[PDB]
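Listed here are the chains, written in short residue letters.
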Amino acid sequence: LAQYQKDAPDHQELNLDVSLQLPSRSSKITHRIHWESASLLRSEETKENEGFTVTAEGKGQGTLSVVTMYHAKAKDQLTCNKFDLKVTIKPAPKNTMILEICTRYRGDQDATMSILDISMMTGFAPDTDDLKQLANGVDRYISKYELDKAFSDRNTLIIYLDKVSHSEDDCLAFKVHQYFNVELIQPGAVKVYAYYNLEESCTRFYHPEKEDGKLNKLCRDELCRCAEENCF
Amino acid sequence: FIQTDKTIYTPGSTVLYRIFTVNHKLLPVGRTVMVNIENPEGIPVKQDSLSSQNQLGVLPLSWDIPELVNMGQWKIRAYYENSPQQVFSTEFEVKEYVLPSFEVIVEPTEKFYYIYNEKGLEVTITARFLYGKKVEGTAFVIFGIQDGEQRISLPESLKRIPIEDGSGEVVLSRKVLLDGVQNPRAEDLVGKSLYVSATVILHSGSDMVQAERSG
Amino acid sequence: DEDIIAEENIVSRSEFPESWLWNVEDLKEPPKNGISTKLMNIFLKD
Amino acid sequence: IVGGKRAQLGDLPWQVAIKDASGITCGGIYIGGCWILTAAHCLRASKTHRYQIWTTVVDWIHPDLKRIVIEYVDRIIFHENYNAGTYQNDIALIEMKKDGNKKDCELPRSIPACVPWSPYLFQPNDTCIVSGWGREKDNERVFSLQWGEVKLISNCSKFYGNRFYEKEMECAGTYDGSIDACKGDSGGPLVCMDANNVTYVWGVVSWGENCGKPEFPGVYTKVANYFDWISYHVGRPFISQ
Amino acid sequence: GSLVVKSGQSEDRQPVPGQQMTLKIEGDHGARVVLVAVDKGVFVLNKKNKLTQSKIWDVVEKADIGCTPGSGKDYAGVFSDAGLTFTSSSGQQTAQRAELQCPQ
Amino acid sequence: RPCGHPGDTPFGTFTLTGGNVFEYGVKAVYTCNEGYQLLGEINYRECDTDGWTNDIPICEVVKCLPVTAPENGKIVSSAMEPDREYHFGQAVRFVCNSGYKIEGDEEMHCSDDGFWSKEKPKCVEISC
Ligand SMILES: *[C@@H]1O[C@H](CO)[C@@H](O)[C@H](O)[C@H]1NC(C)=O
Ligand SMILES: *[C@@H]1O[C@H](CO)[C@@H](O)[C@H](O)[C@H]1NC(C)=O
Ligand SMILES: *[C@@H]1O[C@H](CO)[C@@H](O)[C@H](O)[C@H]1NC(C)=O
């Protein structure tokens, strides 16, 4: 038994030589799998998607895993996956318009506390009287910080909601006045989300009668150029 | 001793770290050190064997992070070549992030909660920008009870408070605490802990920070 | 216009490192009660 | 390069290196202005900014640091009809960026190597020189720049058959000489000299096969067929068509 | 020894983005000092695994060979529990230690 | 007219010459760290009426030539394997085969000079 522990042999020899053999020329990536570095993950990347040949030789055992990373098209919505937002801006009956925002939670239960992040269009500002009327109770909240600012330099606003319904749309509206006049008006935006998760949000843009939120883009297949000026 | 320049890194950035090589008297020495980079799964992905000689006990190294990578707690494992049984480690998180530009501090009045305190756990929220100036905004504070690793949120304890002059206060009432758990016997809560989560949003709505104080 | 810096004369800030000043300095100055003070000039980031 | 001798700084100025973080991957050739001619197959990263370009390096371990100027990579240009299976249309362009202070990139060392316009300029059995940083025998080595003489051979379908395309490829190899660029020196220059010693880029190292066996010569993608393709991207400046 | 990093200029001059500043470093003669400047935003996201002096002394104290605050059951236990081996020619000696780790 | 920040190159530092703020007429000289060489004759950037001088200097790690195993000996240490460049810092080990004793320096690392800290040893038969 003492001679058995003497003639005791250490470990089964591990020495793999794994060569990537490509018909084309690039560099020469060789791999020496030894006992001292058996657990070392040896990753080799290849940009062309193709059948190729792997040639291993030597004593020992190994595992080969070919895993290809890519970009897959997504049917499911990447933006506004958990919230529906519809924003409309219409001329009210000096230029004043009416902004209407209707949101609905896409869940089984009601949404909790949410944030309405409203950015004005360049040159427009909310009506002070209208904000105070929305802010009183009714499960809404506009901070004093927002309500005290003058009509000028009031281009951002945050309306706090105590909850938003999942059963139907909760809608609000208020008047917006044109305090600055510009030939090119930048579209405003509204962003709804729940306080416990900022990633699950929805953002819509508005521009006085310009479909959706988007600028005049020219798109085909993947590749879009800006078309936000005169045709010629 | 391993020192990384930061605690968290984005995919693509370079990790700069120094290994200080001393003896049991903490005096700088020149020896050979084996370094292993290890992914959150546990598989070593980069081994190396360097020398501390002519380096005055300081060994400057760097490791490049691939673009496509698995997030989570990575590890650097070093050990002297002569002593492979004494393995020193440091972790660094890999994650996609942006700087919050401000800090939120959730500070309870006491470092504990007396089970028979009717006032409950009063917490002060202090938010200030990273350059010192205070922060005006709104904070959503919510409480929870932690039992080992099982967290039970208390929906009734949700509060919305104004952050005025960089400071706010929010109280978890004892009644809500007892009502949240489905056990009238308060003695069972002894041995458990409370955690507080606060989300502060600027009035501009351009930054949001969630912070937590558990245990 | 009048009384304003032209657009081309404004150099935008671009240096926003999360960590920097990964430098090495040696204290070779004549000691004062065993302490050697070294004044080091650094350029702050943006 | 199997055979050949160690290159020295003055000999082949038009040689250009491409080195990533993990060693050096192939190498191109300077064709004037701020443009480099390489193979499309070797570099295939839409994460191009890290690629870096070295010139007049000759030896990878002890540069002389004198006039060893290296330049960043601005933009890559791949052939639209590149085939990955047959290695057809294996050509690509490299644009080197320089600061806005100077209009162009001034590299006073490397010499342009012109572009061929017709496949009839040079014929087989002509003395051509392919040079780069490849691997002689199977030895890794590849520290110092190697160059060697090769001959163009006609109708390469005798050795490769259907895989070869004479309109878009060209074969150069020495019988029993085995002097053949191999592995690491892909996309490199296949340079041939004229009667005036005007230096031409007849081809770039495409795919080939295992060096050594004279019954399998190296295959290089022919430059003269893609003369008009380069002109569209780099304009009409430089050498007379 | 000691190592202090402080302002190498006056306290009227305020730091401005890009402005040169002087850093006063005072430490032991001949010591090699390594530096690092980190944005505090990093620590707002993660403030763990940070190198401090307290953690260094922690590692040292965890590799200590003593296992008791003091004394022992006998005169040999005092030496063994305080991380010492006493051995006299007359025969008074401490028991052998075959455990790298302290008893639980 | 103040130029921009000249930018930090990896494994290197820069000093301003002729002034204390990135203004017109200053020079920014670069110098790599220990174990890193400054390849390229261009090492400075100068604030002109437009911007700085051409591009940004580069710092590369010095490399050491790979060493084969001595006769009747093998090298089974170091990094991820064969016949490759060894950059600054890395170290190798020599262990002679059974029946052969080492005759020189057993360890060595990649020194500053792009050369090894010690010379390659020999493996001689065990003799008493
Ligand atoms: C091959 O090329 C050489 C050029 O040196 C020429 O002399 C020889 O005749 C050629 N042989 C054939 C078979 O074309
Ligand atoms: C090309 O033609 C035949 C194909 O039938 C081929 O076997 C031969 O080697 C080539 N001949 C010449 C003159 O190139
Ligand atoms: C061209 O190269 C040959 C090669 O020896 C040389 O003799 C000659 O001088 C060179 N120049 C011209 C104009 O032929």
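The rules behind these values
- Bear in mind the residue numbers are our own, running from 1 along each chain as written, so they may not match the entry, and residues with no coordinates are left out.
- Each chain is given a letter, starting from A, and each ligand a number, starting from 1, according to the order in which they appear as written.
- Any value reported refers to the chains on display, which are one part of a larger assembly.
- Each side-chain value is worked out from all heavy atoms of the structure, with water and hydrogens disregarded.
- Residues with missing side-chain atoms are left out of burial classes, side-chain pairs and their counts.
- We call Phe, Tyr and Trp rings a pair once their centres come within 6.5 Å, taking the six-membered ring for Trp, and we label the pair stacked below 30 degrees between planes, edge-to-face above 60, and tilted otherwise.
- What counts as a helix is a DSSP run of H or I of at least four residues, what counts as a strand is a run of E of at least two, and both are numbered from the N terminus.
- Only protein chains enter the accessibility calculation, which uses a 1.4 Å probe; a residue is then buried when its area is under 20% of its type maximum, exposed when over 50%, and partly exposed in between.
- In what follows, a disulfide is any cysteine sulfur pair within 2.5 Å.
- Each patch is assembled from residues with relative accessible area greater than 30% and no salt bridge, linking like charges that lie within 9 Å and nonpolar side chains (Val, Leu, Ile, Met, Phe, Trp, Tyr) that lie within 5 Å.
- For the accessible areas, the method is Shrake-Rupley and the probe is 1.4 Å, while residue cover comes only from the protein chains on display.
- Any carboxyl oxygen of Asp or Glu within 4 Å of a side-chain nitrogen of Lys or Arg constitutes a salt bridge here.
- Throughout, a contact is declared for two residues whenever any of their heavy atoms are within 4.5 Å.
- As a working definition, buried area equals the accessible area (1.4 Å probe) given up by two parts on being put together, with both sides summed.
- Pairs of N or O atoms within 3.5 Å make up the polar contacts considered here, provided that, within protein, one atom can donate a hydrogen while the other can accept it, and that residues adjacent in sequence are counted only when both atoms are side-chain atoms.
- Each residue gets one label: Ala, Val, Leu, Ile, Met, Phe, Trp, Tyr, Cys and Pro are nonpolar, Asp, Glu, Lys and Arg are charged, and the others, such as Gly, are polar.
- The pairing criterion for strands is at least two bridges between them, as found by DSSP.
- Angles run from 0 to 180 degrees between N-to-C directions of axes, and those axes are lines fitted to C-alpha atoms, restricted for helices to the stretch in contact.

**Details of the packing of aromatic side chains**
Right, on to step 1. With the rule as written, the count across this model stands at 27 aromatic pairs over all chains.
Right, on to step 2. Seen in terms of ring centroids, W117(D) and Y200(D) are 5.9 Å apart; in terms of plane orientation they differ by 65°. Their pairing is edge-to-face. Placement of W117(D) in the loop between β8 (92–96) and β9 (127–132) and of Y200(D) in strand β13 (residues 199–205) is noted, with a sequence separation of 83 residues between them.
Right, on to step 3. Looking at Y200(D), the relative accessible area reads 5%, which means it is buried.
Right, on to step 4. Judged by centre distance (4.5 Å) and plane angle (10°), the rings of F11(F) and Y36(F) are stacked. Remark: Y36(F) occurs in strand β3 (residues 36–37) and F11(F) occurs in the segment before β1 (12–17); sequence separation between them is 25 residues.

**Brief notes about the state of the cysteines**
Right, on to step 1. Overall, the coordinates contain 13 disulfides over all chains when judged by the stated rule.
Right, on to step 2. Disulfide pairing places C32(F) opposite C59(F) at an S-S distance of 2.0 Å. Looking along the S-S bond of the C32(F)-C59(F) disulfide, the torsion reads about -90°, which is the left-handed sense. Of this pair, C32(F) sits in strand β2 (residues 27–32) while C59(F) is found in the loop between β4 (44–46) and β5 (60–61), placing the two residues 27 residues apart along the sequence.
Right, on to step 3. Given the relative accessible area of 9%, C59(F) is considered buried.
Right, on to step 4. Free of any disulfide, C226(A) has its nearest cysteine sulfur in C224(A), 9.0 Å distant.

**Some details on a nonpolar patch on the surface**
Right, on to step 1. A surface patch of nonpolar side chains, amounting to about 580 Å² of accessible area, comprises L20(A), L22(A), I29(A), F52(A), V54(A), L64(A) and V66(A).
Right, on to step 2. Looking at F52(A), the relative accessible area reads 37%, which means it is partly exposed.

**Topic: the interface of chain E and chain C**
Right, on to step 1. Taken together, the 28 residues of chain E in the interface contact 27 residues of chain C.
Right, on to step 2. Here chain E packs against chain C, burying approximately 2,300 Å² in sum over the two surfaces, 57% of which is carbon and sulfur.
Right, on to step 3. Where chain E touches chain C, the interface holds 1 salt bridge.
Right, on to step 4. For the pair chain E and chain C, the interface holds 15 residue pairs in polar contact.
Right, on to step 5. Of all the elements in the fold, those that place two or more residues in the side of chain E that touches chain C are β2 (20–28), β3 (32–34) and β4 (37–38) of chain E.
Right, on to step 6. Broken down by element, the residue count for the side of chain E that touches chain C peaks at 9 residues, all from β2(E).
Right, on to step 7. Along the lines of polarity and charge, the residues of the side of chain E that touches chain C split into 14 nonpolar, 9 polar and 5 charged.
Right, on to step 8. One ladder, built from 2 bridges, connects strand β1 (residues 19–20) of chain C with β4(E); its direction is antiparallel. Residue pairing in the sheet places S19(C) in a bridge with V38(E) of β4(E).

**Comments concerning the interface of chain E and chain B**
Right, on to step 1. Opposite the 22 residues of chain E that make contact, chain B presents 24 residues.
Right, on to step 2. Buried area between chain E and chain B, both sides added, is near 1,900 Å², and the carbon and sulfur share of it is 71%.
Right, on to step 3. Along the contact surface separating chain E from chain B lie 1 salt bridge.
Right, on to step 4. Residue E103(B) pairs with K40(E) through a salt bridge whose shortest N-O separation is 4.0 Å.
Right, on to step 5. If you look at where chain E meets chain B, you find 3 residue pairs in polar contact.
Right, on to step 6. Counting residues per element, the ones that place at least two in the side of chain E that touches chain B are β3, α1 (40–45) and α2 (53–62) of chain E.
Right, on to step 7. Broken down by element, the residue count for the side of chain E that touches chain B peaks at 6 residues, all from α1(E).
Right, on to step 8. Its residues assigned to classes, the side of chain E that touches chain B shows 13 nonpolar, 3 polar and 6 charged.

**Focus on the sheet that holds strand β3 (residues 35–43) of chain C**
Right, on to step 1. Strand order in the open sheet formed by 3 strands is β3(C)-β2(E)-β1(E), with antiparallel pairing between adjacent strands. Two strands close off the open sheet at either side, each with one partner strand: β3 of chain C together with β1 (3–7) of chain E. Taking each pair of neighbouring strands and ignoring which way they run, the sheet shows an average axis angle of 25°.
Right, on to step 2. Alignment of β3(C) against β2(E), held across 9 bridges, turns out to be antiparallel. Pairing of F43(C) across the sheet is with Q20(E), part of β2(E).

**What about the sheet that holds strand β4 (residues 83–91) of chain A?**
Residue and element names in this part refer to chain A.
Right, on to step 1. Read from one edge to the other, the open sheet built from 4 strands follows the order β4-β5-β10-β7, with strand pairing classed as antiparallel. This sheet does not close on itself; its edge strands, each paired only once, are β4 and β7 (124–126). Strand-to-strand twist in this sheet, taken as the mean axis angle between neighbours without regard to direction, amounts to 30°.
Right, on to step 2. As judged from the 3 bridges shared by β7 and strand β10 (residues 170–178), these two strands associate in the antiparallel manner. Of the residues in β10, the one forming a bridge with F124 is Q178.
Right, on to step 3. Seen against the sheet, helix α2 (residues 128–135) touches β7 and β10 and runs at an angle of roughly 165° to β10.

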